[PDB]
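In structure tokens, the next block holds one chain alone, the form deposited in one PDB entry.
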């Protein structure tokens, strides 16, 4: 059994919806981080709000599942740095349900902390952003933008995730990248010739390549064979069934592969209310209709927004005489999707679209 299936189904549906807002530009997010945060919100939801969140998050034992998956993601390894941490910041004068606070700590280890939103909201925002910055080793410095919290803010539920790994085999830093039918942009390429898992997903007309990090985390890249990015078919037809078949432990066949991928860095910020609403999570965001009585007996809360910020920096860092070129090539000189997979849990930690150097 794939123990991360709900989260993966959500990750893919979320990507499809986000792509409606952003169909062609670079995209990057951590579906894991979002699922975790939303799970903590779900714990406080009731009535129709709850029923819709369960549908959207693909839950149709959830909390014990997150705790177990989180434990596996956080396991000490020696091979890379990988940390996922949740946090709850609550208005100091507010009275939340004792069982909500207890259960959120039990299953999410969110170390519930009081802050002063009512009178010092800007100070509270700075503190929250500083906490995330620390957790992300400086990589996500200002998660919550100006105006995101105010005197009516009652609780901010946070997840931070951080990953730093080295490739099992280092690349060599070696050029035109095809952005669309009217644009080519020079990019620094990285080259590797190594025994790697490579296949082809006919239903998506795309090559898939696995690049392992040291340890049980890998990057999978999906590269299509339109006059825009070339990703229309792949993005519209990708599903859990089609993808999981190919990311599964032993489907693919290892071969000597010559790989060229760009060296790249992405940094993207999102506000997900519109997206989550479109996916079916309406009542949570409806000031009138939301039911978060699980958080507060007074039933006086609603979800105002969900902020997400994610970054990635891909480089050559890892742990002669060959001249033939008869075998597989994977030349990522045009737009591709990629994902960073925790192999033990089968959870997607990060997912993106690289289309514009």
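Residue numbers count along the first chain shown, from 1. Think of the rigid core as the biggest set of C-alphas that the two forms share within 1.5 Å after superposition.
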Report, from the record, the number of residues in the deposited sequence between residue 174 and residue 175 that have no coordinates, as none, 1 to 3, 4 to 9, or 10 or more. 4 to 9
Please count the deposited residues lying between residue 60 and residue 61 that the model leaves without coordinates, and give the class: none, 1 to 3, 4 to 9, or 10 or more. 4 to 9
Going by the mean C-alpha B-factor recorded in the entry, which is higher: 241 to 249 or 257 to 265? 241 to 249
Give the stretch, out of 189 to 197 and 153 to 161, with the larger mean C-alpha temperature factor in the deposited entry. 189 to 197
Top residue by Cα temperature factor, when 202, 83, 283, 271 are compared in the entry: 202
According to the deposited entry, which of 323, 30, 37, 52 has the largest Cα B-factor? 323
Would the CA B-factor of residue 96 place it in the lowest, middle or highest third of its chain? highest
Sort the modelled residues of this chain by their C-alpha B factor and say whether residue 67 lands in the lowest, middle or highest third. middle
What third of its chain, lowest, middle or highest, does the C-alpha temperature factor of residue 115 fall into? highest
Select lowest, middle or highest to describe the third in which the CA B-factor of residue 276 falls within its chain in this entry. lowest
CA B-factor ranking of residue 329, expressed as a third of its chain: highest
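The next section is about a form of this same protein that is not shown, the form deposited in another entry.
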Shifts of 2 Å or more at the CA atom, core superposed, between this form and the one not shown: which of the listed residues 285, 246, 167, 220 is the one? 246
Note yes or no: does the Cα of residue 93 move by 2 Å or more between this form and the one not shown after the core is superposed? yes
Taking the rigid core as reference, does the Cα of residue 130 move 2 Å or more between this form and the one not shown? yes
After core superposition, I'd like to know whether residue 46 moves between this form and the one not shown (criterion: C-alpha shift of 2 angstroms or more). no
What direction does the residue 343-residue 248 Cα distance move in the other entry compared with the shown chain, closer or farther, given a change of 3 Å or more? farther
Tell me whether residue 94 and residue 287 end up closer or farther apart in the other entry, going by their C-alpha atoms; the shift is 3 Å or more. closer
